[PDB]
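As a starting point, one isolated chain is supplied in structure tokens, in the form deposited in one PDB entry.
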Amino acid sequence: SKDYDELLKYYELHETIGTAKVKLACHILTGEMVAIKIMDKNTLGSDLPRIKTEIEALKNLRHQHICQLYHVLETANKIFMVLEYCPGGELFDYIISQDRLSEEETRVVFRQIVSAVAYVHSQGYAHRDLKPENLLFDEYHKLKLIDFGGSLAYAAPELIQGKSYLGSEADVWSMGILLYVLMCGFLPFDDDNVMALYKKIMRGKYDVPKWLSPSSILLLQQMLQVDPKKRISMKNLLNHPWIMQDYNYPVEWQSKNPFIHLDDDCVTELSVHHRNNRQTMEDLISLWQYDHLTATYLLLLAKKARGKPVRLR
């Protein structure tokens, strides 16, 4: 209860959804809805440093298809992460509701995944846990990547043997597994016992449904090469013929949300509320401490992108 004291001054809490717990909230000063992920420091033990270093990851990824981090609030025995409002549901449950998605809907949707994952690689990171439960929809049915971090059915085989791997190629395999699920509705390698499933991933043999097209079957063979050297590269995947079917342009992966230059109207509005001059506030925003100022600036930034006035209530 005391852990929420410092936080309830910045947000008003609403529903509860995911099970670490996630509760919907409203940031007071901007009126923008958010999602707050609540982790408990005493349960996870001391594997928070892997989560802390993944929180420092999200602090360095900003992308139209990455769920934005707004605010990290650390208390005595809880850690709070304030994130982007994604009300369109989860990609996993959506695939199950339609059984399978069309080749053209998956293509539209797979292109946002490649855009997200390509961007995180350009920054020197790798998601390493690509699966449909780690992809959210917003109101526009746009995809938002979450949970940077054992999920066996999506792990690359060199990750399986415990050998030395490149983070990028492991994601490429995971995207290949995930592309399969998008168009089929079931895993390419699946089994009740792990030892059989463990073995099936390294054999590389999957059954191909009759409904997957010739343009579809060979991209899966390119993405799910067991040997990483033969796996398709992100560069060649950004303009793959299948990726450019239906929409003939290479995937736009470069982010439209940098750190370097701050928004003027956002900064001026933050200055009149905090009663500071401009450069002083820019210096405090440039620190990017992911306190309440970073959250206010980021949510005030999003507020303008919508079309609302850049004003703090």
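If you superpose the two forms and keep the largest set of C-alpha atoms that fall within 1.5 Å, you have the rigid core. In case it trips you up, residue 1 is the first one in the sequence shown, and so on.
- Omission of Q222 is seen in none of the other entries compared for this protein where the adjacent residues are built, far below a third.
- Checked against the other entries of this protein, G88 counts as resolved in every one of those spanning it, not missing from a third of them.
- According to the record, no deposited residue between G167 and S168 is left without atomic coordinates.
- With 271-279 and 46-54 compared on mean CA B-factor from the PDB entry, the stretch scoring higher is 46-54.
- Higher mean CA B-factor, judged across 196-204 and 93-101 from the recorded values: 196-204.
- The residue among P132, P87, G176, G162 whose C-alpha atom has the highest B-factor in the PDB entry is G162.
- Out of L238, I217, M223, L83, the entry records its largest CA B-factor for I217.
- Remark: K210 belongs to the highest third of its chain, ranked by C-alpha B-factor as recorded.
- In the deposited entry, the Cα temperature factor of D40 sits in the top third of values across the chain's modelled residues.
- Remark: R107 belongs to the lowest third of its chain, ranked by C-alpha B-factor as recorded.
- In the deposited entry, the Cα temperature factor of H65 sits in the bottom third of values across the chain's modelled residues.
- Split the chain's modelled residues into thirds by C-alpha temperature factor. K78 is in the highest one.
This next part talks about the form deposited in another entry, which is not shown.
- Among the candidates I232, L73, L220, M175, the CA atom that moves 2 angstroms or more between the shown form and the other one after core superposition belongs to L73 alone.
- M281 is among the residues whose C-alpha shifts by 2 Å or more between the shown form and the other one once the rigid core is aligned.
- The rigid-core alignment places the CA of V251 less than 2 Å apart between the shown form and the other one.
- Superposition of the core reveals a Cα shift of less than 2 Å for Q64 between the shown form and the other one.
- In comparison with the shown form, the Cα-Cα distance of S46 and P132 increases by at least 3 angstroms in the other entry.
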